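Visitor: Begin with these chain(s), straight out of the complex:
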Amino acid sequence: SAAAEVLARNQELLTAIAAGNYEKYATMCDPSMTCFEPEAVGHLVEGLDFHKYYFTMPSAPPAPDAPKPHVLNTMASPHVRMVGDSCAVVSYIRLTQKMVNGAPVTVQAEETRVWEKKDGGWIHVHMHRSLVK
Amino acid sequence: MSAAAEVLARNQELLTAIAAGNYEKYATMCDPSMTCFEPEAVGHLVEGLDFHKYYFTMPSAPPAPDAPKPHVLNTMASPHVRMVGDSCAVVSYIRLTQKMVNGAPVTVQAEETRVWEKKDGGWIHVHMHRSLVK
Amino acid sequence: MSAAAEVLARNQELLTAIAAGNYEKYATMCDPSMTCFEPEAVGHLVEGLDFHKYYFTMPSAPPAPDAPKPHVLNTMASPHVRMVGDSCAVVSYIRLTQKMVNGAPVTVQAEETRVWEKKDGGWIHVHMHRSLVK
Amino acid sequence: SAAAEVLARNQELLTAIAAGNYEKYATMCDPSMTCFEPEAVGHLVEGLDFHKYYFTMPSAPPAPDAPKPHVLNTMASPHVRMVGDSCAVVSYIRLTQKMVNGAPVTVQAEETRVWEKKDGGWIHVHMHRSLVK
Amino acid sequence: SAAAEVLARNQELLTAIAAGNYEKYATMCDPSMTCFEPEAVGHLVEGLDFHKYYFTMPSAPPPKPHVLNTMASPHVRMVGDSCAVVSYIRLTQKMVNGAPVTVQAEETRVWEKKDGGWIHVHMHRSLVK
């Protein structure tokens, strides 16, 4: 049941990432969060500004027309491990369905996200993201 | 005198066991329910020790007058230890493996996140995530 | 809190000043006799500030042709500060620069060593060694 | 005069490296020394074991064709900077003359080596190498 | 401090070259100056006319010339009372298309002390890469 709560928090974080909602994202992450990810080109980054960069990219007005963002994140075969009462490790395959050149594309990545039970709530502390060929 | 130094040394001990081909020590250091992301798992989450034991027990040709000793060294570049609650430790680092191929040195790099749990007065490896860097 | 922490903060100040194109701040933080290894020096050791002033004073096409404000962020991956005596600090790290090329973000990575001297009641950058990774 | 001492020590260190004399090399370095170099493939390494690896390689059998290695390190245009009483920064272009396939070749690298004065001697604390090409 | 004078004079000469100021350049050079350089395509050139050629090329009116010369790792050698040899790597930062480019050249420049001041008598330029 606790594992289900951590899974809900993880899916909530993923939807916040897909929406570009940086405030929700930052509210879910500890300011000392550690991260391996492809954008970090092989190095361990600490903090939130590195991702705030990607949330605040300069795009600004587009032509309204009829297209709107269409992105969906799916946690393929999730695995929750409880290490003590205050720690949870969520390991899964992140499947991101996105639109490129008017066509759908499914991106896959191995993701390990560590959550700490701080001040009543689960908070993300560490992420390891690796792309699969 | 710190628990973070202890888990760091324990992780280095695990890497030494891996480099030595000592599967008995590796198995004594890992929980039988250990989960693993690694390149050999070709994009999937594997559980258990048999998948890793496969690589310790590969059929090798007996040694000849060649270079009768493996020259392998693992280095934890810029380690980071995080204590998550009373029973968990997360060790994140860049694994640098110096090995010999065709009589020449080669340095392999990988992003590694290893999770340890405090069980029975020791630290046991429960989850690993390996990523090759181009 | 700590001298090493202060030197690290000064290095982050210098990097943000570089990202913002503020040459006056940059020169305020650098010794006039500063030495430098960097790719722009094409394999030689350069001395002085004019060599770096060159890249701050490059002529540019007319600003704001429906173009956004510069979106650049420097991050010191795994910083290491070494105090060598009272008045010397060596800050070694991996500089990760997130910038915009065309419409997409790109992260550039360099190995950076920056040597700072405590003179006249302030930390001043005196040496730099930069090497591109990829 | 002090700069002359540090320069002589740096040349002695390079000679030790060229000779495969790991003992002298290690006695000249601080055990916590930091290093950027190509063999570290874009990361900062600490300690001497990473470098000890290269002194302790599995030796190939001698076949009397080139019994003595012909290698020489040259510090092209050295520059010494005194940063306080106990620090010296030695920057130079390391030119290694080696023999490849019976013909000589000159390899060049940018080198920054930091030395600390402990008691009345100099020890190596930090190195930064970058191949020039 | 004599080496400082010769280095300052060489830097002044290089800035004159970068600025296209042939008058200052010529006033700093001995009229019998000898020269090895790429533009000499493998021959030893004597005099100032050969170099004057490049200051007086025909151009068009129509950004701004952004060029900077740096003497990387200079080396001054006093050979007797009247001679100085300045060896260095000339790093020229120029702009091609919209991008900066650093050109490197091995430069040896010989100077002679004649009463008051140093004058340039011999130069050797080699392109590295």
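Guide: Structure's in. What do you need? Numbers count the residues shown, from 1 in each chain, chains lettered A, B, ... in the order given.

Visitor: close to chain B, is the biggest helix by length in chain A?
Guide: In chain A, taking DSSP state H as the definition, the longest helix is helix A:2-19. No. Under the criterion of Cβ under 8 Å from any Cβ of the partner chain, chain B is not reached by helix A:2-19; the shortest gap measures 12.5 Å. Backbone N, C-alpha and C define where each C-beta goes, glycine included.

Visitor: In that helix, which residues are buried?
Guide: Going by neighbour count (16 or more other Cβ atoms under 10 Å in any protein chain shown), the buried part of helix A:2-19 is A:6-7, A:9-11, A:13-14, A:16-18.

Visitor: Pop out the phi and psi values for the residue nearest to residue A:11 when sequence neighbours are not counted.
Guide: In space, and not counting its chain neighbours, residue A:11 is closest to residue A:75: 6.4 Å by Cβ to Cβ, 6 or more residues apart in numbering or on different chains. Dihedral pair for residue A:75: phi -100, psi 90, per degrees, to the nearest 10.

Visitor: The residue of chain A most remote from its centre and residue E:93: what is the separation?
Guide: In chain A, counting by Cα atoms, centre = their mean, residue A:65 sits farthest out from the average C-alpha position, at 29.4 Å. In this view, residue A:65 and residue E:93 are 46 Å apart by Cβ to Cβ, to the nearest Å.

Visitor: In chain A, what residue lies closest to chain C?
Guide: residue A:58 (3.4 Å; Cβ to the nearest Cβ).

Visitor: pretty sure that residue contacts residue C:72?
Guide: No. Checked against Cβ atoms under 8 Å, the pair residue A:58 and residue C:72 is beyond contact range at 10.7 Å.

Visitor: overlap in contacts of those two?
Guide: residue C:100 (Cβ atoms under 8 Å, 6 or more residues apart in numbering or on different chains).

Visitor: mind listing the helices for chain A?
Guide: A:2-19, A:22-28, A:49-55.

Visitor: before we move on, the earlier item: for the buried residues of helix A:2-19, which two are the farthest from each other?
Guide: A:6 and A:18 (18.9 Å; Cβ to Cβ).

Visitor: hmm, who's touching stretch A:11-21?
Guide: So stretch A:11-21 is in contact with A:24-25, A:28-29, A:55, A:71-73, A:75, A:94, A:96, A:113, A:124, going by Cβ under 8 Å, 6+ apart.

Visitor: also put chain F on there:
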Amino acid sequence: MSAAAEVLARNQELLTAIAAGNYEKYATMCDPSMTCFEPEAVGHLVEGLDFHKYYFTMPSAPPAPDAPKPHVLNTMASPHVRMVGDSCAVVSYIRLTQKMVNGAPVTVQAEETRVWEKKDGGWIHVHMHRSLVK
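Guide: Below is chain F, added to the chains above:
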């Protein structure tokens, strides 16, 4: 007899010593602090005599029956000697080396500038600048 002619003779003597591989005479003629630009220095200024001693002391042992005595000749095409004060000479020329490659003769050309200092009644080589034409 002129002093410039004497320095020219000393320079031809040095080139002969280089062609013969006689490192001892070469070292006698050169100041221990001599500076050098040359292709083998891959675009840098080297100081001292060890850098050049490296090429006199390269490994080799038996003269094969396939090849005979070395046939090498250095020629100073259009020499120019310039006296800079009492004790300094600059010898500039095109070095033409006739050597044997395989079974055929070939002429290598290089732009050479050699500075000589008058110390204790003798001329010694103090600085060289060597560049290849083709």
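
Visitor: please look at the buried residues of helix A:2-19 again, because chain F has been put in.
Guide: So for helix A:2-19, counting by 16+ other Cβ under 10 Å, buried means A:6-7, A:9-11, A:13-14, A:16-18.

Visitor: go on, stretch A:97-115?
Guide: Going by 16+ other Cβ under 10 Å, stretch A:97-115 has these buried residues: A:109-115.

Visitor: Could you export those residues as JSON lines, including distance to chain F?
Guide: Converted to JSON lines, the buried residues of stretch A:97-115 look like this (distance: Cβ to the nearest Cβ, whole Å):
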{"residue": "A:109", "distance to chain F": "44"}
{"residue": "A:110", "distance to chain F": "44"}
{"residue": "A:111", "distance to chain F": "47"}
{"residue": "A:112", "distance to chain F": "47"}
{"residue": "A:113", "distance to chain F": "50"}
{"residue": "A:114", "distance to chain F": "50"}
{"residue": "A:115", "distance to chain F": "54"}
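
Visitor: neighbouring contacts of stretch A:48-61?
Guide: Contacts of stretch A:48-61 (Cβ under 8 Å, 6+ apart): A:20, A:22, A:25-26, A:29, A:31, A:33, A:35, A:39-40, C:68-69, C:71, C:73, C:75, C:96, C:98, C:100, C:103, C:105.

Visitor: Relative to the whole chain's centre, how far out is it?
Guide: Stretch A:48-61 has its C-alpha centroid displaced from the chain centroid by 15 Å (Cα atoms, centre = their mean, to the nearest Å).

Visitor: again, but for stretch A:115-133
Guide: Relative to its chain's centre, stretch A:115-133 lies at 8 Å (Cα atoms, centre = their mean).

Visitor: Quick check: end-to-end length of it?
Guide: 27 Å (Cα to Cα, to the nearest Å).

Visitor: and that stretch, which residues are buried?
Guide: Under 16+ other Cβ under 10 Å, the buried positions of stretch A:115-133 are A:115-117, A:122-130.

Visitor: same question, stretch A:17-33
Guide: A:17-18, A:22, A:25-26, A:28-30, A:33.

Visitor: who's in contact with residue A:113?
Guide: Residue A:113 neighbours (Cβ under 8 Å, 6+ apart): A:10, A:13, A:89-91, A:124, A:126-128.

Visitor: List the beta-bridge partners for it.
Guide: Residue A:113 forms beta bridges with residue A:90, residue A:127, as assigned by DSSP bridges.

Visitor: Look at the residue of chain A found nearest chain D and say how many residues are nearby.
Guide: Closest contact between chain A and chain D, by Cβ to the nearest Cβ, is at residue A:42 (7.0 Å). Neighbourhood size, residue A:42 [other Cβ atoms under 10 Å in any protein chain shown]: 25.
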